[PDB]
Amino acid sequence: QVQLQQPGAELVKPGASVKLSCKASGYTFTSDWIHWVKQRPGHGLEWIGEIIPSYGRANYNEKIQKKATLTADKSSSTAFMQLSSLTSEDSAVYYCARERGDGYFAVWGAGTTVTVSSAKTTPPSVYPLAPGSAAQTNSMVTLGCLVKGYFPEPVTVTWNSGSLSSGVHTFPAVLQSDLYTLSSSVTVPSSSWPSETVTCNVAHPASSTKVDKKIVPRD
Amino acid sequence: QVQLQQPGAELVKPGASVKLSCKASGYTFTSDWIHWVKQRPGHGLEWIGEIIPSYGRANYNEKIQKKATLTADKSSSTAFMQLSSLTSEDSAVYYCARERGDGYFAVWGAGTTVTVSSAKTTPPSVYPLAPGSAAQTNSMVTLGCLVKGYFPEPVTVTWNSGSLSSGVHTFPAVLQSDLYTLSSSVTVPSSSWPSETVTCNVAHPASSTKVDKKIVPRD
Amino acid sequence: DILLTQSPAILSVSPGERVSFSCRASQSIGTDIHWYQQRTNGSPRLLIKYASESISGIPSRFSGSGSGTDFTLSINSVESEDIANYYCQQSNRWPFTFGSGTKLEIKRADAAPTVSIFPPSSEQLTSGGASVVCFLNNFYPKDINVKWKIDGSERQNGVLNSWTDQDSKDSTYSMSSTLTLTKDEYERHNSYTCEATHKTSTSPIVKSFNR
Amino acid sequence: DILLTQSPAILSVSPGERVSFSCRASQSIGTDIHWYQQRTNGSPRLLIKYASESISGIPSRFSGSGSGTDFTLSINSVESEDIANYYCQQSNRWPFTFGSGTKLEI
Amino acid sequence: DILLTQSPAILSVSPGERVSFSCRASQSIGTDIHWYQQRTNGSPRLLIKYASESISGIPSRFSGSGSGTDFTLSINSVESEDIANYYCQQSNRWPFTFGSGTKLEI
Amino acid sequence: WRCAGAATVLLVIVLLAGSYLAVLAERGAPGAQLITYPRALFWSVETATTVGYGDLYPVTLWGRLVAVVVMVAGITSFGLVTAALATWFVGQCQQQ
Ligand SMILES: CCCCCCCCCCCCCC(=O)O[C@@H](CO)COC(=O)CCCCCCCC
Ligand SMILES: CCCCCCCCCO
Ligand SMILES: [K+]
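Protein chains in written order, with our numbering: chain A, 1 to 219; chain B, 220 to 438; chain C, 439 to 649; chain D, 650 to 755; chain E, 756 to 861; chain F, 862 to 957.
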């Protein structure tokens, strides 16, 4: 089961300060250490710091700027990293990983996409993409969803709640005047549609919105 | 005396699994380790793994793929390396060496030529090579044997069971549509022939065949 | 602090071949190195711990070796699911440090794109805007060019392209092209055309639709 | 693992001359290096153990030297029977590793 | 004696940017490196002790990092008062040795 | 009667608590190698027995203070464990 749970995304104003969480399930030991890893887009993994919830002891990466303060709540089993005075350089994905005090990271979190911008949140608009009246069909059909006009990243697009995953593409988003837009695609056997339902499940964690859209055939 | 005895050759089908042996004679100590070294043709020595027959403990080379399982039989003093799921890359000579637990390999085995191919075994055909009726003889005579049409390598050609070894050449085999062919040569004083016998002893361990052929003078 | 160098940074290989990743340490760390895998939009996943010890739930083609300063992660035979980034991480001295990362690429067979043009949805038109979408899916290699034709006339303003990384299901590539036009301007035209030019065909693959 | 580099790979020399083979280690192994000889279609044969200690049954022209990372196997005066491949092998750390090999030519 | 190499010797940078000075040791000194600042016609002033520990009376934009042989002194955002020479000095082995110095330019 | 088990319990407590506090004190210092619990437990044994190979040792103020407690409490307790083993061995040295 998801051993480490992190919020989807956090939008931070330039100069503000966010507080990220990492709730742990599974075995909890007195020798457990919780780590935080920052991954700027296009870069690699960057170690931030560590904290042992048993003693309250915490350490930080001296190699970079220390903009973080690690805390924990032993009652609720949730670690907290408080980033203060955020800039454009701090926009990255922040993971949390559990270490049994033996060197490696056994389990990781999903990561929290922290965006630092003065803009405002915008829910996405989902539009079906069904083929036209004159498209010759092969043994397979291609159709998808269109997520347009949202901020900030990311959006999680699934098809039939993960039931369909083979032949599924989600293209990276593009920025267009403080708004994002991407698309997704499915490739199913032609006989299985529209005899069987096909629906994309778009989730935008920054606005806490989740919507479904069925891909019905165009007349 | 030959302290480590290994089979001559083993023919393995692609995807099969062979089991090699290494019977030890001489002093047997509780601190003895048996090692296995693979030598691909044209390459160098490559350490596979080790096993101590006293405890049954065995180790393997993590640097390459572990296709081997080392075992021993303390009653018969024979080590066993079981190679499984063999490919074309596994065709090599496999030695066994004894280490007194002090670092070096005191004695080595003769090696087992393992060939991985879908072909079939073929015994060799030995043909004498005596000079012609009009060859001017020097103080020395040159004559040999012709080992043609066998599979797989190798063949061991001796002359008078090792009595004659100075001036003896055995040329490397050539492949010709899933069949090998090589030749051997001798250079003896002219007066010593045919007053004294000259015979090549060809052995093909893959088919378990051993034949002698006398080199009599052509009329 | 211990510096972990991963050379090279991109490892291209034909399918079925043996692949080895390299991780060099600035000083001897014994065997306290660990390997992680990260796919697109994914989190790191432990592959090998302590140079060579395997993890529960990893294919047997993943193996590791090395000691001192030089370490190696090997994939016995590569398939499309192995396309990701690979990182090494040491635990011998404080603090823990990661490697620079190495990306794996596969030289699959050539594939022509599957072109599909989609008209603007009725829900989008109700809002007052429009946009035609064209999908170029499962082509190889990555080099490809797209052209939009509004009523046979080549049009470029309002086009937005998006390329994916090498796909982890079939080692191919995919891209999407979206021409965004106002419903007012979109109604001022009849036929729209998506022209995909790939190296797998002399004639460009065309998919058109009439309004 | 300890990497044993044998440079160069081919050693050509006139008869009677002194010859020296080189074996460099990726890290200091003390004196736990051992030399082997392998002729054509033959099995390896121990020549020198622990850098310099001679083996029973080896010509006196075979000698060894070195410590730390650089080691040397010397043949005082070469004759035709010395034409073979020569390997070094360390026993300081696990696992045992062989060298790349050096071929002698006359 | 331990040789401290500061490369490069001149560090030119626009204002507000992050700057990092480099100090490499001829052998591992652990974390016994210390940083000093010297302005024109001035005496050296301690900035960071033991690689990373800050000194009472130093702006928070001064930080340090490193262990073994490679060390770094960073200025988070440079202003005109940071224009000076910067030296590293080790205290792991005798005698104490200074670095060659690095000049900051804006 | 056999209080040797009580000294053995105190030894294990010092070995465990010492290895736990050592990792807690060493993590944070660049270059520290006593930063994982499994090998820190063997370091406690190296210190309590006074063997001290030197492959592991603290380099921090607290970490060295933890070592002092492991020295004072561990060498005393291990000295009591090994003294009882010595007495017992002599008890059979005459039942020849
Ligand atoms: C708070 C608890 C403190 C102590 C916890 C100890 C847990 C033991 C788990 C063993 C897992 C091995 C780790 C590993 O894969 O690494 C091995 C290879 O490096 C090294 O093995 C070791 O670390 C040896 C263990 C210590 C020796 C015991 C001394 C006996 C008195
Ligand atoms: C630097 C962290 C301090 C941890 C010290 C634990 C208690 C030590 C008692 O000697
Ligand atoms: K020592």
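Note that the Cβ used here is the ideal one computed from N, Cα and C, for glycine as well.
Subject >> Residue list, Cβ distance to ligand 2 heavy atoms smaller than 7 Å >> reply: A:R57, F:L882, F:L885, F:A886, F:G889, F:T921, F:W923, F:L926, F:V927, F:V930
Subject >> Straight-line Cα distance separating B:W412 from B:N420 >> reply: Here residue 420 of chain B refers to the residue found at position 201 when the second sequence is read from its first residue. Here residue 412 of chain B refers to the residue found at position 193 when the second sequence is read from its first residue. Each residue's alpha carbon lies about 18 Å from the other.
Subject >> Members of the stretch 591-604 of chain C that neighbour chain A once the beta carbon cut-off is set at 9 Å >> reply: Legend: CB atoms of the stretch 591-604 of chain C lying less than 9 Å from CB atoms of chain A belong to residues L598, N599, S600, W601, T602, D603.
Original post:
So what's C:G502 in DSSP terms, helix, strand or just coil?
Top reply: Taking the third sequence and counting its residues from 1, the one referred to as residue 502 of chain C is at position 64. It is a strand residue.
Original post:
Is the CB-CB distance between B:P391 and B:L305 below 8 Å?
Top reply: Within the second sequence, the letter at position 172 stands for residue 391 of chain B. Within the second sequence, the letter at position 86 stands for residue 305 of chain B. For B:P391 and B:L305, no; Cβs fall outside 8 Å.
**OP:** May I ask you to list the residues that DSSP assigns as paired with B:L362?
**Re:** Numbered from its first residue, the second sequence carries residue 362 of chain B at position 143. Answer is B:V405, bridged to B:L362.
**OP:** Indicate whether at least one CB of chain C lies closer than 8 Å to the CB of D:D650.
**Re:** Residue mapping note: residue 650 of chain D aligns to position 1 of the fourth sequence, counting from 1. D:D650 counts as touching chain C.
**OP:** Could you tell me if the beta carbon of B:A235 falls within a distance shorter than 7 Å of some heavy atom in ligand 4?
**Re:** Because ligand 4 does not appear in the structure shown, any question about it cannot be addressed here, the ligands present being ligand 1, ligand 2 and ligand 3.
Original post:
Closer than 7 Å: is that where the CB of F:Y898 sits relative to any heavy atom of ligand 1?
Top reply: Along the sixth sequence, one-based indexing puts residue 898 of chain F at 37. Checking every heavy atom of ligand 1 against the Cβ of F:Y898, one is found closer than 7 Å.
Original post:
Is there at least one Cβ from chain B nearer than 8 Å to D:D719's Cβ?
Top reply: As a working mapping, residue 719 of chain D is identified with position 70 in the fourth sequence. Not an interface residue.
Subject >> Proximity winner among F:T897, F:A945, F:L885, relative to F:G924 (alpha-carbon distances) >> reply: As a first step, residue 924 of chain F must be located in the sixth sequence, where it is residue number 63. Among F:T897, F:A945, F:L885, the Cα nearest to that of F:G924 belongs to F:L885.
Subject >> Heavy atom of ligand 3 within 7 Å of E:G785 beta-carbon >> reply: For the purposes of this step, residue 785 of chain E is taken as the residue at position 30 of the fifth sequence. For ligand 3, not one heavy atom lies less than 7 Å from the Cβ of E:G785.
Subject >> Cβ shell of A:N138 (< 7 Å), same chain only, five flanking positions each side left out >> reply: The sequence position of residue 138 of chain A within the first sequence is 138, counting from 1. Contacts found: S190.
**OP:** Would you mind sorting C:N479 into buried or exposed? The rule is 16 or more other CB atoms within 10 Å of its CB.
**Re:** Working through the third sequence from its first residue, we reach residue 479 of chain C at position 41. The residue in question, C:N479, is exposed, as its Cβ has fewer than 16 Cβ neighbours within 10 Å.
Subject >> Cross-strand partners of A:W47 (DSSP beta bridge) >> reply: Walking along the first sequence from the start, residue 47 of chain A turns up at place 47. In the DSSP output, where bridge partners are listed per residue, A:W47 has A:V37.
Original post:
If you measure from the beta carbon of C:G502 to each beta carbon in chain D, is any gap under 8 Å?
Top reply: Translated into positions along the third sequence, residue 502 of chain C becomes position 64. So, not an interface residue.
Original post:
Exposed or buried, which one is D:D650 when buried takes at least 16 other CB atoms within 10 Å?
Top reply: Along the fourth sequence, read from residue 1 onward, the residue named residue 650 of chain D stands at position 1. Buried, because 16 or more other Cβ atoms sit within 10 Å of the Cβ of D:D650.
Original post:
For C:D470, which residues in chain A fall below 8 Å Cβ to Cβ?
Top reply: Translated into positions along the third sequence, residue 470 of chain C becomes position 32. Those within 8 Å of C:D470 in chain A are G103.
Original post:
Just to confirm, does F:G915 get its C-beta within under 7 Å of one of the non-hydrogen atoms of ligand 3?
Top reply: Your numbering for residue 915 of chain F matches position 54 in the sixth sequence. F:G915: yes, Cβ under 7 Å from ligand 3.
Subject >> Backbone secondary structure at F:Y898 - three-state DSSP >> reply: Translated into positions along the sixth sequence, residue 898 of chain F becomes position 37. Helix at F:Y898.
**OP:** Show which residues of chain E have a CB atom less than 9 Å away from the CB atom of F:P891.
**Re:** By 1-based counting over the sixth sequence, the position of residue 891 of chain F is 30. Under the 9 Å cutoff, chain E gives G785, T786, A806, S807, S820, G821, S822, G823.
Subject >> Contact between the stretch 429-437 of chain B and the stretch 511-520 of chain C (3+ Cβ pairs under 8 Å) >> reply: no
**OP:** Pull up the CB-CB distance for A:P205 and A:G8, whole angstroms please, since I reckon it's below 8 Å.
**Re:** Here the question's residue 205 of chain A lines up with position 205 in the first sequence. Here the question's residue 8 of chain A lines up with position 8 in the first sequence. Correct: roughly 2 Å between the Cβ atoms.
Subject >> Residues that DSSP places opposite C:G537 in a beta bridge >> reply: Your numbering for residue 537 of chain C matches position 99 in the third sequence. C:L442, per the DSSP bridge assignment.
Subject >> Cβ-Cβ distance between B:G363 and B:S402 below 8 Å >> reply: Mapped onto the second sequence, residue 363 of chain B falls at position 144. Mapped onto the second sequence, residue 402 of chain B falls at position 183. Cβ distance < 8 Å, so B:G363 and B:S402 count as in contact.
Original post:
How big is the Cα-Cα spacing for D:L696 and D:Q655?
Top reply: What you label residue 696 of chain D is simply residue 47 of the fourth sequence in a count that begins at 1. What you label residue 655 of chain D is simply residue 6 of the fourth sequence in a count that begins at 1. D:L696 and D:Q655: Cα-Cα distance of roughly 16 Å.
**OP:** Please name the residues in the stretch 247-266 of chain B whose beta-carbon is closer than 9 Å to at least one beta-carbon of chain D, in chain order.
**Re:** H254, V256, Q258, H262, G263, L264, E265, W266
Original post:
In its own chain, which residues sit with a C-beta less than 6 Å from the C-beta of B:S426, not counting the 5 before and 5 after it?
Top reply: Here the question's residue 426 of chain B lines up with position 207 in the second sequence. For B:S426, where only same-chain residues beyond five positions count, the Cβ hits under 6 Å are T340, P342.
Original post:
For B:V393, which residues of its own chain have a beta-carbon under 8 Å away from its beta-carbon, when the five flanking residues on both sides are left out?
Top reply: Mapped onto the second sequence, residue 393 of chain B falls at position 174. So the qualifying residues of the chain are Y399, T400, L401.
Subject >> Short CB-CB distance (under 8 Å) between A:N59 and chain F >> reply: Within the first sequence, numbered from 1, the residue matching residue 59 of chain A stands at position 59. Judged by the 8 Å Cβ criterion, A:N59 is in contact with chain F.
**OP:** Assuming E:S832 and E:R816 form a contact by the criterion Cβ under 8 Å, report the distance between their Cβ atoms to the nearest whole angstrom.
**Re:** For the purposes of this step, residue 832 of chain E is identified with residue 77 of the fifth sequence, where counting begins at 1. For the purposes of this step, residue 816 of chain E is identified with residue 61 of the fifth sequence, where counting begins at 1. Contact between E:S832 and E:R816 is confirmed by a C-beta separation of about 6 Å, below the 8 Å threshold.
Subject >> Minimum Cβ-Cβ distance from B:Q301 to chain C less than 8 Å >> reply: On the second sequence, position 82 is the one that residue 301 of chain B refers to. It does not: the Cβ of B:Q301 has no partner Cβ on chain C nearer than 8 Å.
Original post:
By the criterion of Cβ-Cβ separation under 9 Å, what are the contact partners of A:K74 in chain C?
Top reply: Here residue 74 of chain A refers to the residue found at position 74 when the first sequence is read from its first residue. Result: empty, since nearest Cβ-Cβ is about 23 Å, beyond 9 Å.
Subject >> Members of the stretch 127-161 of chain A that neighbour chain C once the beta carbon cut-off is set at 8 Å >> reply: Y127, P128, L129, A130, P131, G132, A134, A135, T142, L143, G144, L146, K148, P154
Original post:
The beta strand (DSSP E) spanning D:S669 covers which residue range?
Top reply: Residue mapping note: residue 669 of chain D aligns to position 20 of the fourth sequence, counting from 1. 668-674 is the extent of the beta strand (DSSP E) around D:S669.
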